[PDB]
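Please read the structure below before turning to the comments.
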Amino acid sequence: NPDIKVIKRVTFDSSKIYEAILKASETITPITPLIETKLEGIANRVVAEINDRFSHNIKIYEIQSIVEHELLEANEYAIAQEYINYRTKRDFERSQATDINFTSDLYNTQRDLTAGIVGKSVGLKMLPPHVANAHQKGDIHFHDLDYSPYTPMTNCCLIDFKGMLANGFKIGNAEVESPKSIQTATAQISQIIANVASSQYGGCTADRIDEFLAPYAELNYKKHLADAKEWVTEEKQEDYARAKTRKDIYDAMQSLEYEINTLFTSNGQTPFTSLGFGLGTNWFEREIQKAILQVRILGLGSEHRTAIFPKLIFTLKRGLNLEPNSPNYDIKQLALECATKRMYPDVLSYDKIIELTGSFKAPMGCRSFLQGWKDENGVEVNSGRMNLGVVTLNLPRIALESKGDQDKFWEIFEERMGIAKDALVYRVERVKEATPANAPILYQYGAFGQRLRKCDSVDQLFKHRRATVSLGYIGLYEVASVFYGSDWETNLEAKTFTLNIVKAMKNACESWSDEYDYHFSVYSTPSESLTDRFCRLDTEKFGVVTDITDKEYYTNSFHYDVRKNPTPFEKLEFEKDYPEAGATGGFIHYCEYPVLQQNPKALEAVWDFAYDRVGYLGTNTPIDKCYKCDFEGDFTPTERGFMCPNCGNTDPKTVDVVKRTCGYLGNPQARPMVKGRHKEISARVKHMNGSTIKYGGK
Amino acid sequence: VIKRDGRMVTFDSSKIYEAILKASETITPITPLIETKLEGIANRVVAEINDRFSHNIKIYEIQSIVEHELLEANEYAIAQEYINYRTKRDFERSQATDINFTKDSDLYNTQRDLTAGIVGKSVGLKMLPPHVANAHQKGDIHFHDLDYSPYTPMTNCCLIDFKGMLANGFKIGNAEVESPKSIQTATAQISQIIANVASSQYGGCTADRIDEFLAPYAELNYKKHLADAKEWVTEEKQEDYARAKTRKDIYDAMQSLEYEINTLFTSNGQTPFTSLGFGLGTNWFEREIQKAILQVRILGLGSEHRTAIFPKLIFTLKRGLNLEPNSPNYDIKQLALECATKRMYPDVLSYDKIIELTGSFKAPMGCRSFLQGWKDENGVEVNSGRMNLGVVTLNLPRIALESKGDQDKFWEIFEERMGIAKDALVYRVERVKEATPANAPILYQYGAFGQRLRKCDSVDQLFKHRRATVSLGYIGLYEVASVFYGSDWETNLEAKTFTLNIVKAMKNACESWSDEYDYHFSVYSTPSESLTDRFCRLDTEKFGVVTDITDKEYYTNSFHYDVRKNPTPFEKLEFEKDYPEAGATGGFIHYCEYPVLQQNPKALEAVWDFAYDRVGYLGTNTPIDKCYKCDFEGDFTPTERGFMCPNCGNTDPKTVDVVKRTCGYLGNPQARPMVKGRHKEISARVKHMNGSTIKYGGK
Ligand SMILES: Nc1ncnc2c1ncn2[C@H]1C[C@H](O)[C@@H](COP(=O)(O)OP(=O)(O)OP(=O)(O)O)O1
Ligand SMILES: Nc1ncnc2c1ncn2[C@H]1C[C@H](O)[C@@H](COP(=O)(O)OP(=O)(O)OP(=O)(O)O)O1
Ligand SMILES: Nc1ncnc2c1ncn2[C@H]1C[C@H](O)[C@@H](COP(=O)(O)OP(=O)(O)OP(=O)(O)O)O1
Ligand SMILES: Nc1ncnc2c1ncn2[C@H]1C[C@H](O)[C@@H](COP(=O)(O)OP(=O)(O)OP(=O)(O)O)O1
Ligand SMILES: Cc1cn([C@H]2C[C@H](O)[C@@H](COP(=O)(O)OP(=O)(O)OP(=O)(O)O)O2)c(=O)[nH]c1=O
Ligand SMILES: Cc1cn([C@H]2C[C@H](O)[C@@H](COP(=O)(O)OP(=O)(O)OP(=O)(O)O)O2)c(=O)[nH]c1=O
Ligand SMILES: [Mg+2]
Ligand SMILES: [Mg+2]
Ligand SMILES: [Mg+2]
Ligand SMILES: [Zn+2]
Ligand SMILES: [Zn+2]
């Protein structure tokens, strides 16, 4: 009956079931119409029984079982005996194939490297065949094979810290109740982040940190007020309590900030965590925001090194803090100084984001985002969601192999979108194989909003479009340049073509989301591990191509060509169209600047201009420092990294260089990057005219 | 639920699990490890059955899920024995009208670490020299922790020089931090240092004299609070205020240390093995630090007041300081008495006994290891900053069995095995020497080993001149004595002399090796963390069941008195005091079993006072298990599949709370159950004092 579908490892096919009975039977006896009048009744019975019970969907293993009982029911044993011995023998064949026992760096990093090599080796065989071939050939790119599909792994998530900190939780070998202070709250925040980072292969974010940290500031205030009433005179109670509470808040901030920058995971790297704030109204939230900004401004240790993680993310709201008469303008000035001195934080626009996605929430992960979602109770919830997995297309390759023909380009585009849909469905189904006991921090103690049991299934946290899945892309500029040359931003035809590409991607994602009941959204791939393999594996097959492959990298998604130097206003006006057109699952814009430490007004003007147009902005200032000769400014890039342009100094021990790589920053000296990423960073040019040097040097 | 015939029955999760019990039954009798694994598979099927169906469920599709679930969980052996048994019954169940016929419950990082360890072990087994590798595989000796070494030039233990490297500052992760200006910051830095160090090694770690180097930071907090009081509070109360707040802050500085250490884990996926020592403080700050540590351990962990497992607090007893009732620190000793009675921790050390046994006084190293008196070139004696290097274990019962009652043949094989072990130890030290300071900047580059070295330098500077201790393991003195003189040799002077001669020969061989190779070689009573789970099983295959050698399915741990016998602790300690004096000074610990004495610490105080002069390291075990379903605390009956409450029969770890001392570090059964070999050791333990083993029954 049409009312029932079928789920593969597609519509129900009585012929497909009828073929299974026949092909097994022919192992021992020839086909003869003397017994086929019975086998047809056998296949009809197994169809009429499936229809009577299951109405939504059926797995393949249940199709096999529902036949085996029916074969035994109709007094048949000759072929059923042969039926089982092949189905079982094949079942261990696929499991034994995907078996581990099928045989100047930190020690944990080496052990994780070997484990990841083994995991990639088993997962490549675990993957379905055609998607594996596409990934190997380079048509598409699976993401982070070193952990999936070998183990059920979620890409990145928005940790619900409010839920845990409300009613306590359990971590490690201990279980704890709700914190009764602010320093305790920050310590638990850091410990929880560290524990979560080892149970997933991506970043994490703490949205509205001040909003859910305010009650513990109130608790500290009450404790200090009681202590003052006991000890100090009845005239200076309020002043002493407020001063002690402020000092405790700032101290807790320092602790957390430093705790994140120290703890690592099995990978041996600092977790890719980030924080967001800016919606505070009362006094405690304002003090918390001031403490965060000040502790980021101060530095990292005795040398006042630039902090890399967590990635702070500000929030600009009209009426809250946008204009000089706004009640939180001082916080905005502090954030401006922090941005011009430490390249952080990134500013978010309340109205633009709430219009684009559906509800304001901090970008969880590197640059990912979530649409507005409500549960059965009608209350909107943002913290507690997650992204299962990501794969990325190869738009420049499709553009290049099209030989300048648009219709053929669209045909191969549809083919690749189908391949990517199959990959995404497999990734979702593999993730759905997780169990709460696999990670009690995530699925058992409120990391996802709900607290299930080992008796329950994890799919309750993913269905009804609660959990998003991102399909990535890269190199829209190269795609347009294939057909319209290097300079096409002044042409409406190429811009319309790119917008149509994004719109087709969005429409396919919407159709898939409606079909599979998971929010399939497009995604701006951050080129974390994409261009390094993509450029070389495409230049091996297509050769050197002018302005498309000779750069030795791929332009990230839809941003303006980094080789060009337009004014930031022009760049933002050009770029505002893509997120509006459907590129809403993840996006971030960049703006280069000279040293603006003595002139932060330009950044304020840019933020005010970008508030209405874009919903996400990032600054790129030359804040590199060389302690040997007290140099401050930019660094000249070479194939061996960077060096100070006064002494040739290059060792990471006495130099400080950070550059924005993929949403996050990174220090290339302490961790060298791939050559493609290095070429991409070097090719970057400044946007507004100014001297990129603060202190000349000794 | 729809039965095969029909009708309606309730869905019981026990019926699903009981079948899987018979599944693995045909292949292997129920074991504690397989108990959780079997119920791990039983947890997936119960989750899936209710997911697919809503109103009715019959049997011939649940049998499909469990058939599928076993395959999906890599357990083919149970599945291979399931399907054939499953398929057999339905065929016979069929009846014609006339004539018929004629793995998934572990953490992600845990699984990844398991895979990495398997790869490392496979590489290391071929990295070894031939004869030592063959001896290890044959069960002749044990090369400890092949998972991490010699694949990586690891290190066994490390006495983190917390004082100096905290005072001078250090760089961890991506952040360089200076000296702390508060005790809370100091304890946070200590916790992160411990976590990083444990991540950079395959063994335990400890912090000795924590109060001694934590006093200055408490003084700094006191000074800051005094400065604040001089500006806020009135005059006559000022100093008093500066006390109270400080007394609170120190408490917090310990409270975090109780949780952070418990929470943070290494790449292995388990809490790092770590311990703390104290007791030598004299001034007010050190006294308050010790009181805070004891109080936070007493209070418990979390809302359920669960017993803490780590770190292992280790008290220190000194005559004229904290021993006699007239001593200035007798209240601290009484608090330690209560805490040890109610929490199995801390253990004790004798200042004079230890300082005369191992040259100087130092906290025991990691699990049970020890160091020896040592002075650097400048002549200043240094204790913290040294490190152990590696451990291998001898199979004494194998030598005893191959002797067949001939002492001279026993000595011949003993010398042969000593030569093999010396070759193994030299190879392990040489492999470790191949490390580079950049391999772990926390250890070799930032003061965690004492000296600080640059990248372009060799690690041998931190190991040579007998600085780094290197230890050789042994186990089963009671078994080798009973092979010759019967299982009741405790009253025979000749057998005791024979065992002491064995220990003396080992000590002399270690001394000669240390003289030759310029590394301190010391015999070390290895803890049976997994040795008896492997040594005994491999021995019982080659030699069969022997009379009170292998029938017990375990090996007696080093020189300890026979576990089956129950002598009063005074005679037990009198008997056991001779072995460490004979030369077994590299590592040891003396256990002591008591009934529930919560309202009677006087017996424990008397035992400690008696053992201060004779024994240098004592650990008391008292049943402190407690379950919350029926609210009973006391002892537990060691059933085959772990443990259960004697009253309500509860087993679930989410409600029960049982702690047992498993070779130095008290473990957590029902959390990570141990091998069946060790479970027999715990079950066979007795109580060395007459008294009730229960405290308060259930409801
Ligand atoms: N579209 C379908 N409708 C109903 N049953 C199906 C359908 N496809 C497969 N089945 C059932 C019939 C058999 O009992 C069982 C195996 O059929 P099969 O086509 O081999 O699936 P499959 O996923 O293994 O494809 P293949 O074997 O080519 O990899 O699955
Ligand atoms: N040799 C055989 N003897 C009896 N029945 C068989 C035999 N081969 C196949 N069948 C039946 C049972 C199988 O479920 C069905 C489909 O065949 P087949 O695709 O080869 O196995 P499978 O569907 O379980 O996995 P896969 O197709 O991917 O190998 O036809
Ligand atoms: N009433 C039930 N509730 C839940 N599961 C059941 C129930 N009855 C049987 N099962 C499941 C548990 C096992 O996975 C599988 C086989 O168990 P089994 O005890 O042999 O069933 P059964 O019907 O044969 O009982 P019996 O042999 O006493 O009649 O069926
Ligand atoms: N000896 C065994 N070895 C391995 N698995 C077994 C063994 N005995 C039983 N099992 C498994 C498979 C059985 O389906 C299940 C329940 O046992 P059993 O009751 O004997 O068969 P059954 O319940 O499926 O049919 P029935 O109720 O008619 O006996 O447990
Ligand atoms: C990681 C961590 C957890 N916790 C847990 C332990 C407790 O279960 C929970 C309660 O935190 P607290 O607020 O410290 O509870 P308290 O009873 O000690 O109150 P006060 O400090 O004012 O005397 O927080 C800490 O206290 N400190 C830490 O560093
Ligand atoms: C991980 C961690 C580091 N640190 C670092 C920060 C400093 O570099 C060093 C000294 O500790 P601090 O006492 O914080 O130094 P300070 O200059 O901020 O003085 P105060 O807090 O009294 O105002 O320890 C912490 O303070 N807390 C932490 O949790
Ligand atoms: Mg098939
Ligand atoms: Mg039965
Ligand atoms: Mg507290
Ligand atoms: Zn310079
Ligand atoms: Zn009970």
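Labels used: A, B, ... for chains in the order of the structure tokens, numbers from 1 for residues in each chain, and numbers from 1 for ligands as shown.
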
Quiz prompt | Given 10 Å and only C-alpha atoms and all ligand atoms, residues near ligand 8 as a list in words | solution =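 Those within range of ligand 8 are residues 15, 19 and 89 of chain B.
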
Selection above as a file: N, CA and C atoms, as an mmCIF file, in the first residue's frame:
data_model
loop_
_atom_site.group_PDB
_atom_site.id
_atom_site.type_symbol
_atom_site.label_atom_id
_atom_site.label_comp_id
_atom_site.auth_asym_id
_atom_site.auth_seq_id
_atom_site.Cartn_x
_atom_site.Cartn_y
_atom_site.Cartn_z
ATOM 1 N N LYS B 15 13.158 -9.863 31.412
ATOM 2 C CA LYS B 15 13.045 -11.004 30.509
ATOM 3 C C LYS B 15 13.977 -10.854 29.316
ATOM 4 N N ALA B 19 17.670 -13.708 28.888
ATOM 5 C CA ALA B 19 18.048 -14.530 27.744
ATOM 6 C C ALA B 19 19.501 -14.300 27.354
ATOM 7 N N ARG B 89 15.248 -23.488 17.553
ATOM 8 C CA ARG B 89 14.002 -23.736 18.273
ATOM 9 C C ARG B 89 12.781 -23.548 17.379
#

Quiz item: Can you list every residue in range 107-317 of chain A that DSSP puts in alpha helix (DSSP H), as a VMD selection string?
Solution: chain A and resid 107 to 126 129 to 137 161 to 167 183 to 197 209 to 231 237 to 260 283 to 298

Taking only C-alpha atoms and all ligand atoms into account, report as a compact mmCIF listing (two decimals) with N, CA, C and O atoms, in the first residue's frame which residues have an atom no farther than 7 Å from an atom of ligand 6.
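The file below, result_35.txt, is the result:
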# COMPACT_ATOMS: atom_id res chain seq x y z
N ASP A 251 37.68 38.70 39.20
CA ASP A 251 38.57 37.55 39.53
C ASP A 251 38.05 36.30 38.82
O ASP A 251 38.86 35.61 38.15
N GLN A 254 38.90 36.49 35.07
CA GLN A 254 40.31 36.08 34.88
C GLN A 254 40.41 34.55 34.91
O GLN A 254 40.85 33.97 33.89
N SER A 255 39.99 33.93 36.05
CA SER A 255 40.07 32.45 36.18
C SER A 255 39.56 31.77 34.90
O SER A 255 40.37 31.11 34.23
N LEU A 256 38.27 31.93 34.59
CA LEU A 256 37.68 31.28 33.39
C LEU A 256 38.57 31.53 32.16
O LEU A 256 39.05 30.54 31.57
N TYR A 258 41.59 32.25 31.74
CA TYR A 258 42.84 31.51 31.74
C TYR A 258 42.61 30.00 31.71
O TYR A 258 43.39 29.26 31.11
N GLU A 259 41.53 29.52 32.35
CA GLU A 259 41.29 28.09 32.42
C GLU A 259 41.04 27.50 31.03
O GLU A 259 41.50 26.40 30.73
N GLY A 301 49.23 36.80 30.66
CA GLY A 301 50.46 36.57 31.38
C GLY A 301 51.33 37.80 31.52
O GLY A 301 50.94 38.94 31.23
N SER A 302 52.55 37.55 32.00
CA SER A 302 53.48 38.64 32.29
C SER A 302 53.88 39.40 31.03
O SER A 302 54.17 40.60 31.10
N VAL B 177 51.92 31.89 32.68
CA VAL B 177 51.42 32.49 33.90
C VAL B 177 52.58 32.72 34.86
O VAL B 177 53.56 31.97 34.88
N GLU B 178 52.45 33.79 35.64
CA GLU B 178 53.46 34.18 36.62
C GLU B 178 53.11 33.57 37.97
O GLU B 178 52.23 32.71 38.09
N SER B 179 53.81 34.00 39.02
CA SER B 179 53.56 33.47 40.35
C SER B 179 52.17 33.88 40.83
O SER B 179 51.74 35.02 40.59
N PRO B 180 51.45 32.99 41.51
CA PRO B 180 50.12 33.36 42.02
C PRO B 180 50.22 34.40 43.12
O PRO B 180 51.20 34.48 43.86
N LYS B 181 49.17 35.21 43.23
CA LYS B 181 49.04 36.19 44.29
C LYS B 181 47.90 35.85 45.25
O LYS B 181 47.51 36.69 46.06
N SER B 182 47.37 34.64 45.17
CA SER B 182 46.32 34.19 46.07
C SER B 182 46.36 32.67 46.13
O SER B 182 46.88 32.01 45.23
N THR B 185 44.13 30.92 43.33
CA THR B 185 44.85 30.84 42.07
C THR B 185 45.93 29.76 42.13
O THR B 185 46.13 29.02 41.17
N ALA B 188 44.25 26.39 41.75
CA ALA B 188 43.81 26.17 40.37
C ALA B 188 44.99 25.82 39.48
O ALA B 188 44.91 24.90 38.65
N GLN B 189 46.11 26.54 39.64
CA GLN B 189 47.31 26.23 38.89
C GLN B 189 47.82 24.83 39.22
O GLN B 189 48.29 24.11 38.34

Practice problem: Grab me every residue within 9 Å of ligand 11, counting only C-alpha atoms and all ligand atoms, and send it over as a list in words. | Solution: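 Residues satisfying the distance criterion: residues 626, 627, 628, 629, 630, 631, 632, 633, 644, 645, 646, 647, 648, 649, 650, 651, 656, 697, 698 and 699 of chain B.
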
Quiz item: Once you count only C-alpha atoms and all ligand atoms, which residues end up within 9 Å of ligand 1, and could you hand them over as JSON, numbers by chain?
Solution: {"A": [5, 6, 7, 8, 9, 10, 11, 12, 13, 14, 15, 16, 17, 18, 19, 20, 21, 47, 59, 60, 61, 62, 63, 64, 65, 66, 67]}

Take the residues from that selection and put them in a file with N, CA and C atoms, as a PDB file, in the first residue's frame.
ATOM      1  N   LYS A   5       6.176   3.756   3.512  1.00  0.00           N
ATOM      2  CA  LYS A   5       7.427   3.934   2.798  1.00  0.00           C
ATOM      3  C   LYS A   5       8.413   2.844   3.214  1.00  0.00           C
ATOM      4  N   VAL A   6       9.651   2.961   2.744  1.00  0.00           N
ATOM      5  CA  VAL A   6      10.719   2.032   3.096  1.00  0.00           C
ATOM      6  C   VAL A   6      12.000   2.829   3.304  1.00  0.00           C
ATOM      7  N   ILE A   7      12.759   2.467   4.333  1.00  0.00           N
ATOM      8  CA  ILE A   7      14.036   3.101   4.643  1.00  0.00           C
ATOM      9  C   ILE A   7      15.149   2.126   4.291  1.00  0.00           C
ATOM     10  N   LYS A   8      16.107   2.587   3.492  1.00  0.00           N
ATOM     11  CA  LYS A   8      17.226   1.754   3.075  1.00  0.00           C
ATOM     12  C   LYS A   8      18.241   1.656   4.213  1.00  0.00           C
ATOM     13  N   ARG A   9      19.392   1.052   3.934  1.00  0.00           N
ATOM     14  CA  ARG A   9      20.429   0.881   4.945  1.00  0.00           C
ATOM     15  C   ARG A   9      21.057   2.216   5.328  1.00  0.00           C
ATOM     16  N   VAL A  10      12.967   6.144  -2.038  1.00  0.00           N
ATOM     17  CA  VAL A  10      12.714   4.719  -2.198  1.00  0.00           C
ATOM     18  C   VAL A  10      11.304   4.380  -1.737  1.00  0.00           C
ATOM     19  N   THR A  11      10.569   3.658  -2.576  1.00  0.00           N
ATOM     20  CA  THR A  11       9.209   3.243  -2.277  1.00  0.00           C
ATOM     21  C   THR A  11       9.147   1.723  -2.214  1.00  0.00           C
ATOM     22  N   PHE A  12       8.149   1.218  -1.490  1.00  0.00           N
ATOM     23  CA  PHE A  12       7.990  -0.222  -1.342  1.00  0.00           C
ATOM     24  C   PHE A  12       7.763  -0.869  -2.703  1.00  0.00           C
ATOM     25  N   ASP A  13       8.473  -1.966  -2.955  1.00  0.00           N
ATOM     26  CA  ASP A  13       8.413  -2.668  -4.236  1.00  0.00           C
ATOM     27  C   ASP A  13       8.165  -4.146  -3.959  1.00  0.00           C
ATOM     28  N   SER A  14       6.928  -4.593  -4.190  1.00  0.00           N
ATOM     29  CA  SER A  14       6.614  -6.008  -4.028  1.00  0.00           C
ATOM     30  C   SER A  14       7.468  -6.873  -4.943  1.00  0.00           C
ATOM     31  N   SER A  15       7.885  -6.332  -6.090  1.00  0.00           N
ATOM     32  CA  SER A  15       8.790  -7.061  -6.970  1.00  0.00           C
ATOM     33  C   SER A  15      10.144  -7.283  -6.308  1.00  0.00           C
ATOM     34  N   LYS A  16      10.644  -6.280  -5.581  1.00  0.00           N
ATOM     35  CA  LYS A  16      11.930  -6.424  -4.909  1.00  0.00           C
ATOM     36  C   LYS A  16      11.875  -7.510  -3.842  1.00  0.00           C
ATOM     37  N   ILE A  17      10.789  -7.553  -3.070  1.00  0.00           N
ATOM     38  CA  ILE A  17      10.612  -8.626  -2.097  1.00  0.00           C
ATOM     39  C   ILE A  17      10.426  -9.961  -2.808  1.00  0.00           C
ATOM     40  N   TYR A  18       9.631  -9.976  -3.881  1.00  0.00           N
ATOM     41  CA  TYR A  18       9.395 -11.210  -4.622  1.00  0.00           C
ATOM     42  C   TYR A  18      10.678 -11.752  -5.235  1.00  0.00           C
ATOM     43  N   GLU A  19      11.627 -10.873  -5.563  1.00  0.00           N
ATOM     44  CA  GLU A  19      12.901 -11.332  -6.102  1.00  0.00           C
ATOM     45  C   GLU A  19      13.753 -12.006  -5.035  1.00  0.00           C
ATOM     46  N   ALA A  20      13.660 -11.551  -3.784  1.00  0.00           N
ATOM     47  CA  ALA A  20      14.447 -12.157  -2.716  1.00  0.00           C
ATOM     48  C   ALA A  20      14.046 -13.608  -2.486  1.00  0.00           C
ATOM     49  N   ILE A  21      12.742 -13.892  -2.501  1.00  0.00           N
ATOM     50  CA  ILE A  21      12.274 -15.263  -2.332  1.00  0.00           C
ATOM     51  C   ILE A  21      12.726 -16.132  -3.499  1.00  0.00           C
ATOM     52  N   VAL A  47       3.624  -8.838   2.374  1.00  0.00           N
ATOM     53  CA  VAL A  47       3.273  -7.453   2.084  1.00  0.00           C
ATOM     54  C   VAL A  47       2.027  -7.044   2.858  1.00  0.00           C
ATOM     55  N   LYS A  59      12.830  -0.283   8.373  1.00  0.00           N
ATOM     56  CA  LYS A  59      14.237  -0.510   8.085  1.00  0.00           C
ATOM     57  C   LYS A  59      14.426  -1.817   7.314  1.00  0.00           C
ATOM     58  N   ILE A  60      15.609  -1.969   6.715  1.00  0.00           N
ATOM     59  CA  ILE A  60      15.876  -3.152   5.900  1.00  0.00           C
ATOM     60  C   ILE A  60      15.964  -4.402   6.767  1.00  0.00           C
ATOM     61  N   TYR A  61      16.522  -4.280   7.976  1.00  0.00           N
ATOM     62  CA  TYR A  61      16.682  -5.453   8.827  1.00  0.00           C
ATOM     63  C   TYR A  61      15.335  -5.991   9.288  1.00  0.00           C
ATOM     64  N   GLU A  62      14.332  -5.121   9.398  1.00  0.00           N
ATOM     65  CA  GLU A  62      12.996  -5.568   9.764  1.00  0.00           C
ATOM     66  C   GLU A  62      12.257  -6.154   8.566  1.00  0.00           C
ATOM     67  N   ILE A  63      12.576  -5.691   7.356  1.00  0.00           N
ATOM     68  CA  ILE A  63      12.056  -6.331   6.151  1.00  0.00           C
ATOM     69  C   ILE A  63      12.549  -7.769   6.062  1.00  0.00           C
ATOM     70  N   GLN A  64      13.833  -7.985   6.344  1.00  0.00           N
ATOM     71  CA  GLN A  64      14.396  -9.328   6.291  1.00  0.00           C
ATOM     72  C   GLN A  64      13.739 -10.241   7.319  1.00  0.00           C
ATOM     73  N   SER A  65      13.577  -9.745   8.547  1.00  0.00           N
ATOM     74  CA  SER A  65      13.000 -10.565   9.607  1.00  0.00           C
ATOM     75  C   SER A  65      11.544 -10.911   9.321  1.00  0.00           C
ATOM     76  N   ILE A  66      10.767  -9.945   8.830  1.00  0.00           N
ATOM     77  CA  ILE A  66       9.333 -10.140   8.637  1.00  0.00           C
ATOM     78  C   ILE A  66       9.094 -11.191   7.560  1.00  0.00           C
ATOM     79  N   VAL A  67      10.080 -11.398   6.687  1.00  0.00           N
ATOM     80  CA  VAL A  67       9.986 -12.465   5.693  1.00  0.00           C
ATOM     81  C   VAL A  67      10.283 -13.817   6.329  1.00  0.00           C
TER      82      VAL A  67
END

Exercise. Excluding range 692-694 of chain A and residues on its chain fewer than 5 positions from it, collect all residues at most 9 Å away from it, counting only C-alpha atoms, and give them as JSON, numbers by chain.
Key: {"A": [593, 594, 595, 596, 597, 621, 622, 623, 631, 632, 633, 634, 686]}

Once you count only C-alpha atoms and all ligand atoms, what closest atom pair and distance in Å to one decimal does each residue of chain A within 6 Å of ligand 10 have, with rows by chain and rising residue number, as CSV?
residue,atom,partner,partner_atom_place_in_ligand_line,distance
A:626,CA,ligand 10,1 (Zn),4.9
A:628,CA,ligand 10,1 (Zn),5.5
A:629,CA,ligand 10,1 (Zn),4.4
A:631,CA,ligand 10,1 (Zn),5.4
A:644,CA,ligand 10,1 (Zn),4.6
A:646,CA,ligand 10,1 (Zn),4.9
A:647,CA,ligand 10,1 (Zn),4.6
A:649,CA,ligand 10,1 (Zn),5.6

Practice problem: At a cut-off of 7 Å, list the chain B residues touching chain A, using only C-alpha atoms, as a count of residues only. | Solution: 35
